[PDB]
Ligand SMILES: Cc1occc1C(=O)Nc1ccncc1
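A lone chain, given as structure tokens: the form deposited without the ligand.
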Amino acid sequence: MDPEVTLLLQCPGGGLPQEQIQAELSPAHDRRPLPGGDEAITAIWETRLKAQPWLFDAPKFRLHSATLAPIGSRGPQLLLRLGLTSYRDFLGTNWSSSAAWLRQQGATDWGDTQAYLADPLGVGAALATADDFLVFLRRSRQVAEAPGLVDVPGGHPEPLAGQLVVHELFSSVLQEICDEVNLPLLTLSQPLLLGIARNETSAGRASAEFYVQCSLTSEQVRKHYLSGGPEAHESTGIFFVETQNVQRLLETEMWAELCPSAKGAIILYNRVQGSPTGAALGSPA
């Protein structure tokens, strides 16, 4: 529908719980060496560093692909194939001025438009309040990507190994809600995965989008958010849309306000929907 958003994975209605998801992490799922030579990446990084000497590189999971298993299987309902990448490779590929080139050559060379791209896996949440609102945040205008736009709560996953990875992805969305929205973990339910959306403005970089229920009402959430003060969050404001009004959102004037990744969350939410899960504190492991 929206050109800024393509869907990579759409989970079955109601979303998928952590317990039904497996990850496989392998060098096989890493970015392919650039044609020819990764020194294009170094050149971009060093250019970025003279402008911003403090730039910090960080490890990221790379999303290679995802496969839904046949319904009602002995195995996991979903398999995520992940590699490793970094902020530096992301700047040098997905946000390279040559990204469109790289996607076309990837498709020809490897039958994969994303082959030469870092494609770090982001995360975001459709965070629903007890009185049935979704939670939205106003991005600070100081950030590099989508400054000043509306977002949903995000997160920062940081690299039996498969289960630890799946756990880190799920924990990362709860952690970010706790940290950025200033909500007690007691009030959050186990997240459900809705699907994976691509951001076409960042050369198809994908984000896993979750559903998370909060036991607080929208007014309580707002009070918790604000009680931290300006320094307690990166965003500058919080607001709420009735869940019943989220379906029609792409025709309202708020749609132009949303960043690409928040749109992917909303689209998956509308298509897939959440389902009941218990308090996050109630699940083990």
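The first residue of the shown sequence is 1; numbering continues from there.
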Counting only residues that lack coordinates, how big is the gap in the deposited sequence between residue 159 and residue 160? Pick none, 1 to 3, 4 to 9 or 10 or more.
10 or more
70-78 or 171-179, whichever carries the higher mean Cα B-factor
70-78
Got a sec? Mean C-alpha B-factor, which is higher, 228-236 or 24-32?
228-236
Comparing recorded Cα B-factors across 120, 147, 195, 124, which one is largest?
147
Compare the CA B factors listed in the entry for 91, 100, 206, 134 and report the winner.
100
Ranked C-alpha temperature factor of residue 277 among modelled chain residues, by third:
highest
Comparing residue 216 with the other modelled residues of its chain, is its CA B-factor in the lowest, middle or highest third?
highest
Ranked C-alpha temperature factor of residue 54 among modelled chain residues, by third:
highest
Once the chain's modelled residues are ordered by C-alpha B factor and cut into thirds, is residue 41 in the lowest, middle or highest one?
middle
CA B-factor placement of residue 114, once the chain's modelled residues are sorted into thirds
lowest
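Just so you know, the form deposited with the ligand bound exists too; it's not on screen, but the next bit is about it.
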TL;DR on 106-114, 211-219, 184-192, 68-76: the one with heavy atoms within 4.5 Å of the ligand in the entry with it bound is 68-76
Find out whether any non-hydrogen atom of residue 22 is located within 4.5 angstroms of the ligand in the entry with it bound, and reply yes or no.
yes
